[PDB]
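Notes to accompany the following structure.
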Amino acid sequence: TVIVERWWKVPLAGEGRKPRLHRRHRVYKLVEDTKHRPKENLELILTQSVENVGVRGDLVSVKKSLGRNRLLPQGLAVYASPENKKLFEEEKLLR
Amino acid sequence: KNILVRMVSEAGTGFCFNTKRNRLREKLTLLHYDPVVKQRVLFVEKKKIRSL
Amino acid sequence: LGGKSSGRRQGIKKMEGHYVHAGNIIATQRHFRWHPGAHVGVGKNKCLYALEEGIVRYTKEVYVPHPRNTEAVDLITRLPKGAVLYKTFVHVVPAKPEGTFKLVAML
Amino acid sequence: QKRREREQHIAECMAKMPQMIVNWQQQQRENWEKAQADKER
Amino acid sequence: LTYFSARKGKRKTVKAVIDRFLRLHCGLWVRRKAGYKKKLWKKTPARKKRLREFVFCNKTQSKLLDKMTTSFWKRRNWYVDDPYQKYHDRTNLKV
Amino acid sequence: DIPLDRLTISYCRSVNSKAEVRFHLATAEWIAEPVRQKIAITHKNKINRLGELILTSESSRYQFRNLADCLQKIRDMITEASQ
Amino acid sequence: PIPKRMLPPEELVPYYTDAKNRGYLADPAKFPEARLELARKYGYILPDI
Amino acid sequence: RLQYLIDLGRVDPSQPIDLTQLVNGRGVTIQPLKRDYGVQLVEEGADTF
RNA sequence: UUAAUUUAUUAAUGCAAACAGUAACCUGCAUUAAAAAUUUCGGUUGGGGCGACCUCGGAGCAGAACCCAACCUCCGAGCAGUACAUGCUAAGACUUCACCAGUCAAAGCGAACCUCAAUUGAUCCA
Ligand SMILES: [Mg+2]
Ligand SMILES: [Mg+2]
Ligand SMILES: [Mg+2]
Ligand SMILES: [Mg+2]
Ligand SMILES: [Mg+2]
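Residue numbers (the deposited numbering), protein chains in the order written: chain A, 53 to 147; chain B, 14 to 65; chain C, 42 to 148; chain D, 112 to 152; chain E, 94 to 188; chain F, 70 to 83, 95 to 163; chain G, 199 to 247; chain H, 100 to 148.
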């Protein structure tokens, strides 16, 4: 994904009006890319003990690739949704 | 041969004036009038500002 | 090749008998085609100007240079023993008197 | 505050100065002397 | 100078003039002398002084400027403490 | 200080108007005796043959301003007399 | 509906909070003092209102 | 100007002189577009008031 | 094209992004190439070309208030030196035939007790 700042300034047109645009408003200047960004980490609840990377029942911050192409498809983990979190807590308590 | 230089007053700070001096010789110190202070005061050379 | 310089527009700006106010330039020159006389000044160009309100007059007056100015002195020394140099001088002859006493009040 | 600070600085400078000027004068004199000496040689 | 604009069909102002000059209500045009913030070292003090003054434009120049602007820049403006306010109106003329 | 029933103010338009403020100096009880004496000594030029300290002022087009100026003058004089 | 008017923006606030220019947010204890001062300056007597 | 208005009947000094009243009288025409911020009282008829 | 500005196309690379593991194919940003693409080709001139010149100043033509040309005749300049009140301001003038640029300058307030012929360059931008 590319974020593209618009050079040349759209001249500001009303509440309920489209602002017509010019072939110089078509000129852009890319401010940032979503790529070339600090890689973030995703939260997952583990349904199974995995190696040293996760303890069963616990909520861990994983590398996103690992989450998306291994853990989630293989039923080894689930998203940090508030829904199932409660359930997991309950399970822990029971244990 | 000659350098342009800025000269900064010690008393009556903020007032700077531009003068000539030969490139080969000493950093310049000079008595000169500050219209802020309204008295003559020593200026000291600081930063050359083009050479010629 | 060479230079083609514009005309300099120098010369007399005010002639004898003209009414010339303080500040009016009287004559502009390079070198002294005229010299400053009574109530007439000299700018850095050698340009002559009126120092008071009045009338311009021209006169041929005996010229004595300043002692400190060397070249003139030398010239003077060179001249024979009954010679006097002479030069043209521009004067303003002032018209309106500087002062008039007026009655302010009876105290 | 701004007015005070700059003003204070200025005052300080003024206080300093009288002797600074003297020093400068002395330096100038010294320089002159040196020049004279050089000329003599 | 766009005697008729595209959308409104009104005359436009050449904004250069507006940037550079001050129209007094009497219709004098005041300008900063050119070459006044430049090469001030080589210039003699008198020259500097001359260059730091404002100046009134020639009649022809004034006329040109009037043509170049719209009637908005010629209106009476009652500013609180504009330093030029006293020069807008003219006193004691005679031909 | 300066109660205005003591003073004699007279106007004169001529744009610059003129406001003649005037009063008998020696008999003015509102001015102190030594102060009065001092005033007499100093501003004798302003005082009339009759014995009235006249100090007119002209500067503004409105007479009020002139009057104010005149008033201020008296105050200034008093101050001077004091020290 | 008839709206509520807004206050001085920023640099008009010191104007209208002083009683020497009869400001509508200025403290009315000082108004009389101001009046007195004015009277002292420009002659004439304050008519008691 | 104010004095004149008073004399002429328009602008009643028995009521308060608000901007609105003045406008009604048609002493002071003002225009919010072109950024007028109301009337300013001026010294021009200082005496003879 | 070995004139300028560009590389959006193709070119490989390089770094990201995607990837896998263990003790390639695609997108984004950089790179230098190839290929192209916009583009313009100043004036004076005894036709044009070639050669020379193109701004400023002094002298002659232009003999006596200014002004006055030529690819007419002759000199030069594109700086120095001294200061560091080459501080502030200000009546009144001159002006290179417009404008822009230049010049002179009484008084006043501050202080003491400029030389030089030419010696330079607007606006916007930095
Ligand atoms: Mg609308
Ligand atoms: Mg040609
Ligand atoms: Mg030929
Ligand atoms: Mg001319
Ligand atoms: Mg003087």
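For every residue, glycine included, the Cβ atom is placed at its ideal position computed from N, Cα and C.
C-beta neighbour in chain F for residue i, strict 9 Å
i, result
"C/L144", "no"
"G/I247", "no"
"C/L89", "no"
"G/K239", "yes"
"H/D135", "no"
"C/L148", "yes"
"H/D146", "yes"
Closest by C-alpha distance to residue i, when choosing among the options
i, options, result
"F/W110", "F/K153, F/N96, F/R75", "F/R75"
"E/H118", "E/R168, E/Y96, E/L144", "E/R168"
"C/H72", "C/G64, C/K85, C/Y60", "C/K85"
"B/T32", "B/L44, B/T42, B/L17", "B/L17"
"A/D85", "A/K138, A/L64, A/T53", "A/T53"
"A/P63", "A/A132, A/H77, A/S101", "A/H77"
"B/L55", "D/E144, D/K145, D/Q139", "D/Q139"
"H/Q130", "E/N170, E/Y177, E/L186, E/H181", "E/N170"
"G/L210", "G/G221, G/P201, G/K228", "G/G221"
"A/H88", "A/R120, A/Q100, A/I55, A/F140", "A/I55"
"F/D149", "G/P201, G/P245, G/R238", "G/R238"
"C/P77", "C/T100, C/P108, C/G95", "C/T100"
"H/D106", "H/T119, H/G126, H/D117, H/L118", "H/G126"
"A/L96", "A/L145, A/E135, A/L146", "A/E135"
Terminal residues of the alpha helix (DSSP H) in which residue i lies
i, result
"D/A126", "113-151"
"A/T99", "Neither: A/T99 is in no alpha helix (DSSP H) and is coded neither H nor E."
"G/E231", "229-240"
"E/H181", "178-181"
"G/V211", "211-214"
"C/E112", "111-119"
"H/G124", "118-124"
Opposing strand residues paired with residue i [DSSP bridges]
i, result
"B/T32", "B/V18"
"E/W122", "E/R116"
"F/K98", "F/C81"
"A/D85", "A/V54"
"B/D47", "B/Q52"
"C/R98", "C/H132"
"H/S113", "According to DSSP, which records beta bridges pairwise, H/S113 is partnered with nothing at all."
"C/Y60", "C/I96"
"A/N93", "A/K115"
Min CB distance residue i to chain G below 9 Å
i, result
"F/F103", "no"
"residue 34 of chain F", "Because chain F is modelled from 70 through 163, residue 34 of chain F falls outside the range shown and cannot be assessed."
"F/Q152", "yes"
"F/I78", "yes"
"F/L130", "no"
"F/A148", "yes"
Residue i at chain C interface by Cβ criterion, 9 Å
i, result
"F/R155", "no"
"F/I127", "yes"
Start-to-end residues for the beta strand (DSSP E) that takes in residue i
i, result
"residue 228 of chain A", "One cannot answer for residue 228 of chain A here, as it falls past the ends of chain A, which runs 53 to 147."
"C/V145", "Counting along the chain, C/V145 falls outside any beta strand (DSSP E), and DSSP gives it neither H nor E."
"C/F73", "From DSSP, C/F73 is part of no beta strand (DSSP E); its letter is neither H nor E."
"F/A106", "No beta strand (DSSP E) contains F/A106, which DSSP labels as neither H nor E."
"C/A91", "89-91"
"A/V112", "111-115"
"E/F147", "147-149"
"C/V83", "81-83"
Residue-level contact to chain H via CB, residue i, 9 Å cutoff
i, result
"F/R145", "yes"
Cβ-Cβ separation, residue j to residue i (assumed contact under 8 Å), whole Å
i, j, result
"C/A68", "C/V133", "So it is not a contact: roughly 12 Å between Cβ atoms."
"A/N93", "A/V114", "6 Å"
"D/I121", "B/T26", "6 Å"
"F/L105", "F/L130", "Not a contact, Cβ separation roughly 11 Å."
"C/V97", "C/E57", "6 Å"
Minimum Cβ-Cβ distance from residue i to chain D less than 9 Å
i, result
"B/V18", "no"
"B/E23", "yes"
Chain B within 9 Å of residue i, Cβ atoms only
i, result
"D/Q119", "no"
"D/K127", "yes"
"residue 63 of chain D", "This structure leaves residue 63 of chain D out entirely; chain D is present only between 112 and 152."
"D/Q147", "no"
Proximity test, residue i beta-carbon vs ligand 7 heavy atom, cut-off 8 Å
i, result
"G/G241", "Ligand 7 is not part of this structure, which contains only ligand 1, ligand 2, ligand 3, ligand 4 and ligand 5."
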